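K.L.:
show me how the following folds:
(2 chains)
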Amino acid sequence: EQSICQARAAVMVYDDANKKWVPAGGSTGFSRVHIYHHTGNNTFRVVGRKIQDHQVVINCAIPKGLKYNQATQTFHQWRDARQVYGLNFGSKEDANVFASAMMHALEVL
Amino acid sequence: XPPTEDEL
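P.N.:
Numbers count the residues shown, from 1 in each chain, chains lettered A, B, ... in the order given. Provided below are the atomic coordinates:
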């Protein structure tokens, strides 16, 4: 697996029952978020680890056809059949880097 | 798709 981008963001998941965003892994703070490319079968995954204690807070597949919503210039989100994910980026540059890699992955899938 | 400091 090869990393195609690194971006700083607070990883959130939506708690629909309470209509509230909550920190991924239950750990508030920023993470280093990668998109990893597995060339063997041309698959991509979003993997993020807390800057402080290195806990993996997100490890989710990027499926072909995903709708990646750039809600704001610093908060992007997407959903799968089970959860809604949100990335509150530390800067617009981080958001642009990550969106570029995401949009690339969705183009080559 | 859902739309705070309280949450952060």
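K.L.:
what's near enough to touch residue A:12?
P.N.:
If you count contacts by C-beta atoms under 8 Å, 6 or more residues apart in numbering or on different chains, residue A:12 has them with A:21-24, A:85-88, B:7. To be clear about C-beta, it is placed using only N, CA and C from the backbone, and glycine gets the same treatment.
K.L.:
buried subset of those residues?
P.N.:
Neighbour counting by 16 or more other C-beta atoms under 10 Å in any protein chain shown classes A:21, A:23-24, A:85-88 among these as buried.
K.L.:
got the residues of chain B near chain A?
P.N.:
Counting by C-beta under 8 Å from any C-beta of the partner chain, chain B comes close to chain A at B:1-4, B:7-8.
K.L.:
which two among these are spaced furthest apart?
P.N.:
Using C-beta to C-beta, the pair of the residues of chain B next to chain A lying farthest apart is B:1 and B:8, separated by 18.0 Å.
K.L.:
can I get the residues of chain B next to chain A in JSON lines with distance to residue A:80 and secondary structure?
P.N.:
Putting these into JSON lines (distance: C-beta to C-beta, whole Å; DSSP: H, G, I helix; E, B strand; the rest coil) gives the following:
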{"residue": "B:1", "distance to residue A:80": "13", "secondary structure": "coil"}
{"residue": "B:2", "distance to residue A:80": "14", "secondary structure": "coil"}
{"residue": "B:3", "distance to residue A:80": "19", "secondary structure": "coil"}
{"residue": "B:4", "distance to residue A:80": "24", "secondary structure": "coil"}
{"residue": "B:7", "distance to residue A:80": "21", "secondary structure": "coil"}
{"residue": "B:8", "distance to residue A:80": "23", "secondary structure": "coil"}
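K.L.:
quick check: which element contains the spatially most central residue of chain A?
P.N.:
Nearest residue to the geometric centre of chain A (C-alpha atoms, centre = their mean): residue A:46, 5.1 Å. Element membership of residue A:46, judged by DSSP states H and E, is strand A:43-50.
K.L.:
for chain A, what spans make up the helices?
P.N.:
With helices called from DSSP state H, chain A shows them at A:92-108.
K.L.:
next, the buried residues of the strand ranked longest in it.
P.N.:
Identified as the longest strand of chain A according to DSSP state E is strand A:2-15. The neighbour-count check on strand A:2-15 (16+ other C-beta under 10 Å) flags A:4-5, A:7-14 as buried.
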